[PDB]
$ cat input_0.cif   # mmCIF, C-alpha atoms and all ligand atoms
data_upload
#
loop_
_atom_site.label_atom_id
_atom_site.label_comp_id
_atom_site.auth_asym_id
_atom_site.auth_seq_id
_atom_site.Cartn_x
_atom_site.Cartn_y
_atom_site.Cartn_z
CA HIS A 3 -69.77 15.95 -60.52
CA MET A 4 -67.33 14.45 -63.06
CA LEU A 5 -67.93 10.72 -63.62
CA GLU A 6 -66.37 7.83 -65.51
CA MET A 7 -68.96 6.06 -67.64
CA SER A 8 -66.68 3.29 -68.86
CA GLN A 9 -63.57 1.28 -68.01
CA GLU A 10 -60.56 0.79 -70.27
CA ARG A 11 -59.67 -2.91 -70.46
CA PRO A 12 -55.91 -3.56 -70.01
CA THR A 13 -53.95 -5.47 -72.61
CA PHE A 14 -53.30 -8.97 -71.29
CA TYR A 15 -50.43 -11.27 -72.19
CA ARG A 16 -50.41 -14.99 -71.50
CA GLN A 17 -47.67 -17.37 -70.45
CA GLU A 18 -47.36 -20.81 -68.88
CA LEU A 19 -46.40 -20.73 -65.21
CA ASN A 20 -47.19 -23.18 -62.41
CA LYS A 21 -47.98 -25.78 -65.09
CA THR A 22 -50.83 -23.43 -65.94
CA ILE A 23 -51.44 -20.59 -68.36
CA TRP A 24 -51.28 -17.24 -66.60
CA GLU A 25 -52.99 -14.36 -68.38
CA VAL A 26 -52.36 -10.95 -66.85
CA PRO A 27 -52.28 -7.23 -67.81
CA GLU A 28 -48.91 -6.10 -69.19
CA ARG A 29 -48.36 -3.91 -66.13
CA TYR A 30 -47.29 -7.09 -64.32
CA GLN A 31 -43.81 -8.12 -65.31
CA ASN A 32 -41.28 -10.82 -64.51
CA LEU A 33 -43.65 -13.36 -62.98
CA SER A 34 -41.87 -16.07 -61.00
CA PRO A 35 -43.63 -18.82 -58.99
CA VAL A 36 -43.06 -18.64 -55.25
CA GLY A 37 -43.90 -20.60 -52.12
CA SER A 38 -43.35 -23.91 -53.90
CA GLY A 39 -47.06 -24.58 -54.30
CA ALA A 40 -47.38 -23.70 -50.61
CA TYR A 41 -49.04 -20.27 -50.94
CA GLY A 42 -51.07 -21.91 -53.67
CA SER A 43 -50.80 -20.64 -57.23
CA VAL A 44 -48.74 -17.55 -56.45
CA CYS A 45 -46.27 -15.71 -58.65
CA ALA A 46 -44.02 -12.88 -57.52
CA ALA A 47 -44.03 -9.97 -59.95
CA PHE A 48 -43.22 -6.32 -60.42
CA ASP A 49 -46.15 -3.96 -60.79
CA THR A 50 -44.73 -1.43 -63.25
CA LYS A 51 -47.70 0.88 -62.71
CA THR A 52 -47.13 1.24 -58.96
CA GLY A 53 -43.43 0.37 -58.88
CA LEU A 54 -44.35 -2.25 -56.29
CA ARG A 55 -43.13 -5.81 -55.86
CA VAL A 56 -46.35 -7.84 -55.73
CA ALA A 57 -47.86 -11.25 -55.05
CA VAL A 58 -50.30 -12.43 -57.72
CA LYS A 59 -52.53 -15.38 -56.81
CA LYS A 60 -54.60 -17.31 -59.34
CA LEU A 61 -57.65 -18.86 -57.69
CA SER A 62 -57.86 -22.50 -58.76
CA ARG A 63 -61.36 -23.81 -59.54
CA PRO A 64 -63.16 -21.02 -57.67
CA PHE A 65 -66.61 -22.19 -58.83
CA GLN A 66 -66.37 -25.99 -58.98
CA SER A 67 -69.13 -26.43 -56.39
CA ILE A 68 -71.69 -24.33 -54.53
CA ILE A 69 -69.46 -24.57 -51.45
CA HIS A 70 -66.36 -23.36 -53.29
CA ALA A 71 -68.12 -20.71 -55.38
CA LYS A 72 -69.40 -19.20 -52.12
CA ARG A 73 -65.95 -19.44 -50.51
CA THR A 74 -64.42 -17.69 -53.52
CA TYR A 75 -67.06 -14.99 -53.17
CA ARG A 76 -66.42 -14.80 -49.42
CA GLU A 77 -62.68 -14.37 -49.88
CA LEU A 78 -63.10 -11.66 -52.51
CA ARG A 79 -65.57 -9.74 -50.36
CA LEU A 80 -63.21 -9.96 -47.40
CA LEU A 81 -60.09 -8.96 -49.31
CA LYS A 82 -61.91 -6.04 -50.93
CA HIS A 83 -63.01 -4.71 -47.53
CA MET A 84 -59.63 -4.82 -45.76
CA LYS A 85 -57.93 -1.42 -45.77
CA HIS A 86 -55.41 -1.31 -42.92
CA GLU A 87 -51.61 -1.26 -42.66
CA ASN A 88 -51.63 -4.35 -40.43
CA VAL A 89 -54.04 -6.38 -42.54
CA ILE A 90 -53.53 -8.02 -45.94
CA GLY A 91 -55.26 -5.90 -48.55
CA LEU A 92 -56.07 -5.93 -52.24
CA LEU A 93 -53.97 -3.94 -54.72
CA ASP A 94 -55.86 -5.36 -57.69
CA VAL A 95 -58.27 -8.10 -58.77
CA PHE A 96 -58.91 -9.10 -62.35
CA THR A 97 -60.00 -11.66 -64.92
CA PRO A 98 -59.13 -11.87 -68.63
CA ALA A 99 -62.81 -12.54 -69.42
CA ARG A 100 -64.71 -9.91 -71.40
CA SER A 101 -68.05 -11.27 -70.20
CA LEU A 102 -69.68 -13.33 -67.46
CA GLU A 103 -70.25 -16.02 -70.08
CA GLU A 104 -66.49 -16.40 -70.49
CA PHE A 105 -65.70 -15.76 -66.81
CA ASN A 106 -63.65 -18.54 -65.18
CA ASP A 107 -60.36 -17.39 -63.67
CA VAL A 108 -59.80 -14.87 -60.90
CA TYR A 109 -56.44 -13.25 -60.17
CA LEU A 110 -55.74 -11.40 -56.92
CA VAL A 111 -52.91 -8.97 -56.22
CA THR A 112 -51.19 -7.77 -53.04
CA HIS A 113 -47.81 -6.59 -51.73
CA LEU A 114 -45.07 -9.23 -51.81
CA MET A 115 -44.19 -10.42 -48.30
CA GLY A 116 -40.88 -12.04 -47.44
CA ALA A 117 -41.56 -14.20 -44.40
CA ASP A 118 -44.00 -15.05 -41.63
CA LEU A 119 -43.48 -14.62 -37.88
CA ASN A 120 -42.04 -18.16 -37.65
CA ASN A 121 -39.23 -17.45 -40.12
CA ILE A 122 -38.41 -14.22 -38.29
CA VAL A 123 -38.10 -15.98 -34.92
CA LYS A 124 -35.97 -18.75 -36.44
CA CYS A 125 -33.50 -16.25 -37.89
CA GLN A 126 -32.82 -14.20 -34.75
CA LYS A 127 -33.38 -13.50 -31.05
CA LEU A 128 -36.12 -10.89 -30.67
CA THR A 129 -35.80 -8.09 -28.14
CA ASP A 130 -38.71 -7.26 -25.83
CA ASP A 131 -38.95 -4.14 -27.97
CA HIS A 132 -39.52 -6.36 -30.99
CA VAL A 133 -42.17 -8.39 -29.17
CA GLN A 134 -43.81 -5.16 -27.99
CA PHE A 135 -43.99 -3.72 -31.49
CA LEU A 136 -45.10 -7.02 -33.01
CA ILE A 137 -48.00 -7.62 -30.62
CA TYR A 138 -48.95 -3.95 -30.96
CA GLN A 139 -49.43 -4.29 -34.70
CA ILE A 140 -51.44 -7.50 -34.26
CA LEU A 141 -53.87 -5.77 -31.89
CA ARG A 142 -53.96 -2.63 -34.04
CA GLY A 143 -55.09 -4.75 -36.96
CA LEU A 144 -57.39 -6.85 -34.78
CA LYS A 145 -59.17 -3.74 -33.52
CA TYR A 146 -59.88 -2.82 -37.12
CA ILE A 147 -60.98 -6.31 -38.16
CA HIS A 148 -63.19 -6.61 -35.08
CA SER A 149 -64.69 -3.16 -35.59
CA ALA A 150 -66.18 -4.52 -38.82
CA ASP A 151 -67.58 -7.49 -36.90
CA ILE A 152 -65.17 -9.89 -38.59
CA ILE A 153 -63.47 -12.70 -36.66
CA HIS A 154 -60.17 -14.14 -37.92
CA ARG A 155 -60.60 -17.51 -36.14
CA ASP A 156 -57.20 -18.92 -37.17
CA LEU A 157 -54.66 -16.46 -35.82
CA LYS A 158 -51.20 -18.02 -35.51
CA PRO A 159 -47.57 -17.10 -36.36
CA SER A 160 -47.80 -18.60 -39.85
CA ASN A 161 -50.66 -16.16 -40.58
CA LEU A 162 -48.60 -13.13 -39.67
CA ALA A 163 -46.32 -11.74 -42.37
CA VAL A 164 -43.32 -9.73 -41.16
CA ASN A 165 -40.73 -7.65 -43.01
CA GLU A 166 -37.15 -6.45 -42.53
CA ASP A 167 -38.53 -3.46 -40.64
CA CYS A 168 -40.44 -5.57 -38.13
CA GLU A 169 -43.68 -4.46 -39.77
CA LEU A 170 -46.50 -6.98 -39.66
CA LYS A 171 -49.68 -7.82 -41.56
CA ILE A 172 -52.43 -10.29 -40.70
CA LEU A 173 -53.46 -12.65 -43.50
CA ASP A 174 -55.05 -16.01 -44.27
CA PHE A 175 -58.33 -15.37 -42.46
CA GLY A 176 -59.91 -18.62 -41.29
CA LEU A 177 -63.21 -18.07 -43.11
CA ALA A 178 -64.16 -21.57 -44.30
CA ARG A 179 -63.07 -24.45 -42.07
CA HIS A 180 -60.09 -26.47 -40.88
CA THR A 181 -60.53 -30.20 -41.51
CA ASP A 182 -60.85 -31.66 -38.01
CA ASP A 183 -58.08 -34.04 -39.07
CA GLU A 184 -55.51 -31.29 -39.59
CA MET A 185 -56.51 -30.24 -36.06
CA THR A 186 -55.68 -33.72 -34.73
CA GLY A 187 -52.71 -34.48 -32.49
CA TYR A 188 -49.47 -32.61 -31.83
CA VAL A 189 -50.15 -29.87 -34.39
CA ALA A 190 -49.53 -26.11 -34.35
CA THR A 191 -52.85 -25.67 -36.16
CA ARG A 192 -54.60 -26.14 -32.80
CA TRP A 193 -52.18 -24.73 -30.18
CA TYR A 194 -53.40 -21.15 -30.57
CA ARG A 195 -57.14 -21.91 -30.53
CA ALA A 196 -59.42 -20.74 -27.70
CA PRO A 197 -60.75 -23.69 -25.69
CA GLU A 198 -64.42 -22.85 -26.33
CA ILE A 199 -63.80 -23.09 -30.08
CA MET A 200 -61.41 -26.03 -29.84
CA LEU A 201 -63.98 -28.13 -27.97
CA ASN A 202 -67.15 -26.45 -29.24
CA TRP A 203 -68.39 -25.32 -25.83
CA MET A 204 -70.46 -22.42 -27.09
CA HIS A 205 -70.97 -19.78 -29.74
CA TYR A 206 -67.57 -18.14 -30.01
CA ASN A 207 -67.28 -14.39 -30.45
CA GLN A 208 -64.34 -12.22 -31.52
CA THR A 209 -62.55 -12.79 -28.22
CA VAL A 210 -61.33 -16.13 -29.54
CA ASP A 211 -58.82 -14.00 -31.45
CA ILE A 212 -57.58 -12.38 -28.22
CA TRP A 213 -56.88 -15.82 -26.76
CA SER A 214 -54.75 -16.51 -29.85
CA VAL A 215 -52.79 -13.26 -29.43
CA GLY A 216 -52.07 -14.23 -25.84
CA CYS A 217 -50.72 -17.58 -26.99
CA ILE A 218 -48.51 -15.83 -29.53
CA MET A 219 -47.30 -13.14 -27.15
CA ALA A 220 -46.40 -15.69 -24.42
CA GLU A 221 -44.45 -17.72 -26.97
CA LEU A 222 -42.52 -14.70 -28.25
CA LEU A 223 -41.60 -13.89 -24.66
CA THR A 224 -40.61 -17.41 -23.56
CA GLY A 225 -39.66 -18.91 -26.91
CA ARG A 226 -41.90 -21.86 -26.08
CA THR A 227 -45.33 -22.91 -27.29
CA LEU A 228 -47.75 -22.01 -24.51
CA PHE A 229 -50.10 -25.01 -24.91
CA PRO A 230 -48.33 -27.68 -27.02
CA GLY A 231 -51.03 -30.29 -26.47
CA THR A 232 -50.53 -33.72 -28.03
CA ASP A 233 -54.30 -33.79 -28.62
CA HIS A 234 -57.43 -31.80 -27.73
CA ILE A 235 -57.72 -33.26 -24.22
CA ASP A 236 -54.04 -33.02 -23.37
CA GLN A 237 -54.17 -29.42 -24.59
CA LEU A 238 -57.23 -28.59 -22.50
CA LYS A 239 -55.44 -29.91 -19.42
CA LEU A 240 -52.43 -27.71 -20.22
CA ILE A 241 -54.84 -24.78 -20.37
CA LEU A 242 -56.79 -25.43 -17.14
CA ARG A 243 -53.53 -25.99 -15.26
CA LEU A 244 -52.48 -22.43 -16.07
CA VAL A 245 -55.81 -20.60 -15.91
CA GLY A 246 -57.57 -22.88 -13.42
CA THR A 247 -60.76 -24.92 -13.81
CA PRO A 248 -64.08 -23.27 -14.82
CA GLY A 249 -66.28 -21.68 -12.18
CA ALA A 250 -70.07 -22.04 -12.05
CA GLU A 251 -70.52 -18.86 -14.13
CA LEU A 252 -68.61 -20.20 -17.12
CA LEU A 253 -70.04 -23.69 -16.61
CA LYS A 254 -73.60 -22.52 -17.23
CA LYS A 255 -72.29 -20.81 -20.36
CA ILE A 256 -71.18 -24.10 -21.91
CA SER A 257 -74.08 -25.51 -23.96
CA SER A 258 -72.98 -29.12 -24.42
CA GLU A 259 -74.15 -31.11 -21.42
CA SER A 260 -71.51 -33.77 -22.12
CA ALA A 261 -68.79 -31.11 -22.15
CA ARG A 262 -70.14 -29.73 -18.88
CA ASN A 263 -70.11 -33.23 -17.37
CA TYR A 264 -66.60 -33.73 -18.61
CA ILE A 265 -65.41 -30.40 -17.21
CA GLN A 266 -66.78 -31.19 -13.76
CA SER A 267 -65.05 -34.56 -13.94
CA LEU A 268 -61.66 -32.88 -13.62
CA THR A 269 -60.12 -32.13 -10.24
CA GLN A 270 -60.52 -28.41 -9.62
CA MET A 271 -57.40 -26.26 -9.95
CA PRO A 272 -56.73 -22.61 -9.10
CA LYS A 273 -55.31 -20.12 -11.58
CA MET A 274 -51.50 -20.17 -11.57
CA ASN A 275 -49.29 -17.16 -10.77
CA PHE A 276 -48.26 -15.76 -14.16
CA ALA A 277 -45.36 -13.93 -12.54
CA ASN A 278 -43.96 -17.34 -11.64
CA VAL A 279 -44.84 -18.86 -15.00
CA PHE A 280 -43.33 -16.06 -17.04
CA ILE A 281 -40.20 -15.56 -14.95
CA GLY A 282 -38.21 -12.45 -15.81
CA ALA A 283 -40.82 -11.09 -18.21
CA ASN A 284 -41.82 -7.42 -18.13
CA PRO A 285 -44.36 -7.03 -15.29
CA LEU A 286 -46.59 -5.10 -17.70
CA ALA A 287 -46.51 -7.90 -20.27
CA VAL A 288 -47.39 -10.42 -17.57
CA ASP A 289 -50.38 -8.30 -16.53
CA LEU A 290 -51.65 -7.99 -20.10
CA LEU A 291 -51.24 -11.74 -20.65
CA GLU A 292 -53.42 -12.42 -17.63
CA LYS A 293 -56.01 -10.12 -19.17
CA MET A 294 -55.97 -12.00 -22.46
CA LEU A 295 -55.71 -15.60 -21.24
CA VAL A 296 -58.98 -15.58 -19.31
CA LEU A 297 -61.01 -18.80 -19.68
CA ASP A 298 -64.40 -17.05 -19.84
CA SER A 299 -64.26 -15.22 -23.18
CA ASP A 300 -66.80 -12.71 -21.86
CA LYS A 301 -64.18 -11.29 -19.52
CA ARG A 302 -61.27 -11.24 -21.94
CA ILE A 303 -59.69 -7.88 -22.74
CA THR A 304 -60.71 -6.44 -26.13
CA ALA A 305 -58.20 -5.41 -28.79
CA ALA A 306 -59.26 -1.80 -28.32
CA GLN A 307 -58.74 -2.05 -24.54
CA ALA A 308 -55.43 -3.87 -24.97
CA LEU A 309 -53.96 -1.11 -27.16
CA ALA A 310 -54.54 1.28 -24.25
CA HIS A 311 -52.61 -1.00 -21.88
CA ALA A 312 -49.52 0.58 -20.29
CA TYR A 313 -47.43 -2.15 -21.90
CA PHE A 314 -47.87 -0.38 -25.26
CA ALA A 315 -47.31 3.13 -23.90
CA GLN A 316 -44.45 3.71 -26.34
CA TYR A 317 -46.54 2.78 -29.40
CA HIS A 318 -50.12 3.64 -28.45
CA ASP A 319 -51.74 6.56 -30.33
CA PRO A 320 -55.57 6.73 -30.08
CA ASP A 321 -55.57 8.96 -33.15
CA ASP A 322 -53.67 6.39 -35.19
CA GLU A 323 -55.58 3.17 -34.52
CA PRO A 324 -58.37 3.17 -37.17
CA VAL A 325 -61.59 1.20 -37.32
CA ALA A 326 -63.36 -0.24 -40.36
CA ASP A 327 -66.38 0.64 -42.49
CA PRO A 328 -69.46 -1.55 -41.94
CA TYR A 329 -69.08 -5.03 -43.42
CA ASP A 330 -72.26 -6.67 -44.73
CA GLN A 331 -72.11 -10.43 -44.33
CA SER A 332 -75.82 -11.06 -44.94
CA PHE A 333 -74.82 -13.27 -47.86
CA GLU A 334 -73.50 -15.73 -45.29
CA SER A 335 -77.05 -16.76 -44.41
CA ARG A 336 -78.01 -16.72 -48.08
CA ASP A 337 -78.66 -19.73 -50.29
CA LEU A 338 -77.79 -19.48 -53.98
CA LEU A 339 -76.89 -21.62 -56.97
CA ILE A 340 -73.33 -21.99 -58.27
CA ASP A 341 -73.96 -19.57 -61.14
CA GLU A 342 -75.53 -17.03 -58.81
CA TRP A 343 -72.47 -17.12 -56.55
CA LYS A 344 -70.34 -16.85 -59.66
CA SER A 345 -72.30 -13.85 -60.91
CA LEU A 346 -71.96 -12.06 -57.57
CA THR A 347 -68.23 -12.74 -57.74
CA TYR A 348 -67.89 -11.45 -61.32
CA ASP A 349 -69.76 -8.29 -60.27
CA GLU A 350 -67.28 -7.72 -57.46
CA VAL A 351 -64.34 -8.31 -59.78
CA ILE A 352 -65.34 -5.77 -62.45
CA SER A 353 -66.39 -3.16 -59.90
CA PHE A 354 -63.04 -3.13 -58.09
CA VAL A 355 -61.59 0.32 -57.51
CA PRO A 356 -57.81 0.49 -56.97
CA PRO A 357 -56.41 2.14 -53.82
CA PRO A 358 -55.81 5.92 -54.22
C1 LIG B 1 -44.43 -14.64 -46.68
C2 LIG B 1 -45.54 -14.34 -45.86
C3 LIG B 1 -46.24 -15.39 -45.21
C4 LIG B 1 -45.84 -16.75 -45.38
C5 LIG B 1 -46.59 -17.86 -44.68
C6 LIG B 1 -47.99 -18.07 -45.29
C7 LIG B 1 -47.98 -18.80 -46.65
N1 LIG B 1 -49.35 -18.71 -47.20
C8 LIG B 1 -49.73 -17.70 -48.11
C9 LIG B 1 -48.87 -16.62 -48.44
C10 LIG B 1 -49.26 -15.63 -49.33
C11 LIG B 1 -48.31 -14.49 -49.66
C12 LIG B 1 -48.63 -13.13 -49.38
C13 LIG B 1 -47.72 -12.11 -49.71
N2 LIG B 1 -46.52 -12.37 -50.31
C14 LIG B 1 -46.20 -13.67 -50.57
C15 LIG B 1 -47.06 -14.75 -50.27
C16 LIG B 1 -50.66 -15.76 -49.93
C17 LIG B 1 -51.26 -14.78 -50.90
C18 LIG B 1 -50.71 -14.59 -52.21
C19 LIG B 1 -51.26 -13.66 -53.12
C20 LIG B 1 -52.38 -12.88 -52.74
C21 LIG B 1 -52.94 -11.92 -53.64
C22 LIG B 1 -54.07 -11.15 -53.23
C23 LIG B 1 -54.63 -11.33 -51.93
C24 LIG B 1 -54.08 -12.28 -51.02
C25 LIG B 1 -52.95 -13.07 -51.42
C26 LIG B 1 -52.39 -14.02 -50.51
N3 LIG B 1 -51.39 -16.86 -49.52
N4 LIG B 1 -50.99 -17.81 -48.66
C27 LIG B 1 -50.39 -19.37 -46.36
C28 LIG B 1 -50.31 -18.84 -44.90
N5 LIG B 1 -48.92 -18.78 -44.38
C29 LIG B 1 -44.72 -17.03 -46.20
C30 LIG B 1 -44.02 -15.99 -46.85
#

$ encode --input "input_0.cif" --output "structure tokens" --more "lines below"
Ligand SMILES: c1ccc(C[C@H]2CN(c3cc(-c4ccncc4)c(-c4ccc5ccccc5c4)nn3)CCN2)cc1
Amino acid sequence: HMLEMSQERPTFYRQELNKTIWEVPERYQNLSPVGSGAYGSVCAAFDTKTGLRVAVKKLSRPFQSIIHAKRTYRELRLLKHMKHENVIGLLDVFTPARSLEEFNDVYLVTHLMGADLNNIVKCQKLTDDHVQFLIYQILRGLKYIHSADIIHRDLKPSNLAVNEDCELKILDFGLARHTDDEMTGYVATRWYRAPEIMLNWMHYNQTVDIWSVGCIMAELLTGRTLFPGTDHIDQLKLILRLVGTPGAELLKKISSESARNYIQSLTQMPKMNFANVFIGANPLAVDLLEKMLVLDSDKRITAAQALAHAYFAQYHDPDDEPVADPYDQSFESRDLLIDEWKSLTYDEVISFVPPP
């Protein structure tokens, strides 16, 4: 029954990095910008308190609009909830402000990652063992994320951080939107997206993430993008060629009448033989792929079910694949003013409890 009734404010020091003034607790030393403005405003640093090499991100204009203030709040809530080895988590969150009145900047902290799945693949030839272990971690983390009723929505190699020990973490959740223009043409931003979400056929569920894993797995196994469409339509054709054209069941599930009309306009095609598409691949991997790359999302294998697939026999441990605590997203359907979103954010910042 021993409780803390107050919080000791750290001593902050300020310096100019990333053309901007960074103000952080003294525990964070030797800050050096990284990612070349690509990760955003991120500085690599050494957390002297934990003896950990960390990534410190400074949110830029988190409350410049109602849309952004809510996004900032959404990100913080998400990052604070994530507690899994295969998912990006929060080591610390802070602001130099002593009060809400002076609240403006938000700094986030996590483990420093070296490279994403793309960099890994570019540097060496991965063994099936590597692919096995990599996809295992993705599904282990997906099971957790999905158990909290969260959907990544933008799962792709650039959103998977990997280390020297082939350990992987899922990051950059797609909770906001992807400008339909950055989804235009011959772009990797669209190659891993489920068709139903790429063309807006219906209300997508968490299985859209499984489709993405299938795309990633196939590519790790063949070394080739599975559906490198030059545009949405070219990509859909690439997809139906492999998995066959929709049956009546799925057809009735597509809400857009125009989309339905369009679908029926295509010459019907049967599902291809994956054993002949993925020549020389492990028969177990081919089976799993067929279970993931199913056009009707309702029949796609779940992350939980996938982990129990014989293909992961060497890594599967039902007692070591954790689920998440309930995640309240009621705020998503909530309407608030900028300052109200900002207040909710500030509340979350000052109430942060570091990992044990
Ligand atoms: C390594 C890993 C992945 C890539 C591709 C990667 C590059 N991008 C990134 C990257 C990072 C990052 C995470 C960990 N260590 C360094 C950078 C963050 C970031 C930085 C600080 C944070 C602090 C608290 C919470 C979350 C945080 C997220 N945001 N966007 C965008 C997506 N692809 C490149 C190199």

$ residues_around --input "input_0.cif" --residues "stretch 311-316 of chain A" --least-positions-apart "6" --cutoff "7 Å" --atoms "only C-alpha atoms" --output "ChimeraX atom specification"
/A:134,138,286-287

$ write_last_selection --input "input_0.cif" --atoms "C-alpha atoms" --output "JSON list (two decimals), keeping the file's coordinate frame"
[["chain", "number", "residue", "atom", "x", "y", "z"],
["A", 134, "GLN", "CA", -43.81, -5.16, -27.99],
["A", 138, "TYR", "CA", -48.95, -3.95, -30.96],
["A", 286, "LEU", "CA", -46.59, -5.10, -17.70],
["A", 287, "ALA", "CA", -46.51, -7.90, -20.27]]

$ atom_distance --input "input_0.cif" --atom1 "atom CA of residue A:291" --atom2 "atom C3 of ligand LIG 1 (chain B)"
25.3 Å

$ closest_residue --input "input_0.cif" --among "A:80, A:245, A:223, A:355" --to "ligand LIG 1 (chain B)" --atoms "all atoms listed in the file"
A:80

$ atom_distance --input "input_0.cif" --atom1 "atom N5 of ligand LIG 1 (chain B)" --atom2 "atom CA of residue A:222"
17.8 Å

$ residues_near_ligand --input "input_0.cif" --ligand "ligand LIG 1 (chain B)" --cutoff "7 Å" --atoms "all atoms listed in the file" --output "PyMOL selection string"
chain A and resi 37+40-42+44+57-59+81+90-92+110-118+160-164+174

$ closest_atom_pairs --input "input_0.cif" --of "stretch 30-96 of chain A" --to "stretch 327-336 of chain A" --cutoff "10 Å" --atoms "all atoms listed in the file" --output "tab-separated table"
residue	atom	partner	partner_atom	distance
A:72	CA	A:334	CA	8.7
A:73	CA	A:334	CA	9.9
A:75	CA	A:333	CA	9.6
A:76	CA	A:334	CA	8.2
A:79	CA	A:331	CA	8.9
A:80	CA	A:329	CA	8.6
A:83	CA	A:329	CA	7.3
A:84	CA	A:327	CA	9.3
A:85	CA	A:327	CA	9.3

$ atom_distance --input "input_0.cif" --atom1 "atom CA of residue A:18" --atom2 "atom CA of residue A:45"
11.5 Å

$ residues_around --input "input_0.cif" --residues "residue A:128" --least-positions-apart "3" --cutoff "12 Å" --atoms "all atoms listed in the file" --output "list in words"
residues 119, 120, 121, 122, 123, 124, 125, 131, 132, 133, 134, 135, 136, 168, 219, 221, 222, 223, 224 and 225 of chain A

$ write_last_selection --input "input_0.cif" --atoms "C-alpha atoms" --output "PDB file, in the frame of the given file"
ATOM      1  CA  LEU A 119     -43.480 -14.620 -37.880  1.00  0.00           C
ATOM      2  CA  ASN A 120     -42.040 -18.160 -37.650  1.00  0.00           C
ATOM      3  CA  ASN A 121     -39.230 -17.450 -40.120  1.00  0.00           C
ATOM      4  CA  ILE A 122     -38.410 -14.220 -38.290  1.00  0.00           C
ATOM      5  CA  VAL A 123     -38.100 -15.980 -34.920  1.00  0.00           C
ATOM      6  CA  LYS A 124     -35.970 -18.750 -36.440  1.00  0.00           C
ATOM      7  CA  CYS A 125     -33.500 -16.250 -37.890  1.00  0.00           C
ATOM      8  CA  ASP A 131     -38.950  -4.140 -27.970  1.00  0.00           C
ATOM      9  CA  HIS A 132     -39.520  -6.360 -30.990  1.00  0.00           C
ATOM     10  CA  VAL A 133     -42.170  -8.390 -29.170  1.00  0.00           C
ATOM     11  CA  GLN A 134     -43.810  -5.160 -27.990  1.00  0.00           C
ATOM     12  CA  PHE A 135     -43.990  -3.720 -31.490  1.00  0.00           C
ATOM     13  CA  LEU A 136     -45.100  -7.020 -33.010  1.00  0.00           C
ATOM     14  CA  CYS A 168     -40.440  -5.570 -38.130  1.00  0.00           C
ATOM     15  CA  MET A 219     -47.300 -13.140 -27.150  1.00  0.00           C
ATOM     16  CA  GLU A 221     -44.450 -17.720 -26.970  1.00  0.00           C
ATOM     17  CA  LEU A 222     -42.520 -14.700 -28.250  1.00  0.00           C
ATOM     18  CA  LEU A 223     -41.600 -13.890 -24.660  1.00  0.00           C
ATOM     19  CA  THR A 224     -40.610 -17.410 -23.560  1.00  0.00           C
ATOM     20  CA  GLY A 225     -39.660 -18.910 -26.910  1.00  0.00           C
TER      21      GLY A 225
END

$ residues_near_point --input "input_0.cif" --point "(-57.2, -12.5, -24.0)" --cutoff "12 Å" --atoms "only C-alpha atoms" --output "ChimeraX atom specification"
/A:141,194-197,208-220,245,288-308

$ closest_residue --input "input_0.cif" --among "A:207, A:43, A:67, A:317" --to "residue A:151" --atoms "all atoms listed in the file"
A:207

$ closest_residue --input "input_0.cif" --among "A:23, A:204, A:152, A:178" --to "residue A:70" --atoms "only C-alpha atoms"
A:178

$ residues_around --input "input_0.cif" --residues "residue A:101" --least-positions-apart "6" --cutoff "12 Å" --atoms "all atoms listed in the file" --output "count of residues only"
7

$ residues_around --input "input_0.cif" --residues "residue A:325" --least-positions-apart "6" --cutoff "9 Å" --atoms "only C-alpha atoms" --output "PyMOL selection string"
chain A and resi 86+143+145-150

$ closest_residue --input "input_0.cif" --among "A:177, A:261, A:279, A:339" --to "residue A:66" --atoms "only C-alpha atoms"
A:339

$ closest_residue --input "input_0.cif" --among "A:155, A:262, A:127, A:171" --to "residue A:140" --atoms "all atoms listed in the file"
A:171
